[PDB]
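**Q** The sequence isn't on hand, but the structure is:
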Ligand SMILES: Cc1c(C)n(Cc2ccccc2)c2ncnc(N)c12
Ligand SMILES: [Cl-]
C-alpha cells in the first residue's frame with residue numbers, strides 16, 4: 001500500500017491520473033519523481049522547467065554542478081539527483097526530443113531506467129515539448145516498465161484520450 005490517490009489502474013503495474021506532477025509531488029513526497037530532462041540538465045520549460053521552478057532553482061544549481069563534473073547525459077540515459085522539496089530523489093531521464101530529430105526507438109531505453117526503482121511518480125517521456133505521440137509513449141511505458149509507475153498527465157483532454165484509446 002502506498003499514498004498515491006485517484007489513479008486509474010491500466011495494468012498490473014501502471015497507473016494514470018490527470019494531475020500536475022509538481023502538485024502531486026508536493027502532496028505525496030514520493031521516493032522518486034521523474035524529470036523529463038535533456039542531456040545538459042537545462043531545466044527551462046515543460047515538466048523540467050516546472051519542477052525546477054518549484055525547487056526555487058535548487059534543482060538547476062545541483063544539475064549544473066553534476067554536468068560540470070560528469071558531462072552530458074546520453075539520450076535514453078538518466079541520473080539520480082536530489083528530489084529537493086518534491087521527493088527524496090529525482091530521476092532525470094532523457095527521452096528523445098523529436099523536435100531535435102532524435103531516434104524515437106530510444107524511448108524504450110529511456111523507460112528502462114524506471115526499472116531501477118520500485119515505485120516512481122513520472123510524466124510520459126518524450127511527450128509535451130519533446131514532440132512524441134503521447135499515446136505511443138504510454139504504450140512504450142506499459143510494455144517496458146515492470147516496476148510500479150504512477151503517471152501524471154497535466155492536460156485533461158489528453159488524459160481522456162489516453163484512457164479511452166488504451167488497449
Ligand atoms: C509543464 C508540464 C509539461 C509540459 N508537461 C508534459 C505535457 C504537457 C502537455 C501535454 C503532454 C505532456 C507536464 N506533465 C505533467 N506535469 C506538468 N506540470 C507538466
Ligand atoms: Cl515537457
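**A** Yep, that arrived. Numbers count the residues shown, from 1 in each chain. Ligands and ions are numbered 1, 2, ... in the order given.

**Q** Find the residue closest to residue 3 in space, skipping its chain neighbours.
**A** Using Cβ to Cβ, 6 or more residues apart in numbering and skipping the chain neighbours, the partner closest in space to residue 3 is residue 28 (5.5 Å). For the C-beta atoms, the positions are set from N, CA and C on the backbone; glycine is no exception.

**Q** Tell me who's in contact with that neighbour.
**A** By Cβ atoms under 8 Å, 6 or more residues apart in numbering, residue 28 lies in contact with 3, 4, 121.

**Q** Those in strands, which ones?
**A** The strands, defined by DSSP state E, take in residue 121 from the contacts of residue 28.

**Q** right, and out of the contacts of residue 28, which lies closest to ligand 2?
**A** residue 121 (14.9 Å; Cβ to the ion).

**Q** The residue nearest to residue 118 when sequence neighbours are not counted and residue 11, how far apart?
**A** Distance criterion Cβ to Cβ, 6+ apart; nearest residue to residue 118, sequence neighbours excluded, is residue 147 at 5.4 Å. Separation of residue 147 from residue 11 (Cβ to Cβ, to the nearest Å) stands at 12 Å.

**Q** Residue 38 now?
**A** Residue 38 sits 29 Å away from residue 11, going by Cβ to Cβ.

**Q** neighbour count winner among the two?
**A** Neighbour count, other Cβ atoms under 10 Å: between residue 38 and residue 11, residue 38 has more, with 20 against 13.

**Q** got a list of what that one touches?
**A** Going by Cβ under 8 Å, 6+ apart, residue 38 touches 48, 94, 97.

**Q** Report whether the first one is found in a helix, as I expect.
**A** Yes: counting by DSSP: H, G, I helix; E, B strand; the rest coil, one finds residue 48 located in a helix.

**Q** Can you report how many residues neighbour it?
**A** By other Cβ under 10 Å, the residues close to residue 48 number 24.

**Q** ok so, going back, for the residue nearest to residue 118, give its distance to residue 7.
**A** 15 Å.

**Q** so where do the helices sit in the protein?
**A** Per DSSP state H, the chain carries helices over the ranges 21-28, 46-54, 58-70, 106-112, 134-144, 156-164.

**Q** By proximity to ligand 2, which residue of the protein wins?
**A** Residue nearest to ligand 2 within the chain: residue 46 (2.3 Å; Cβ to the ion).
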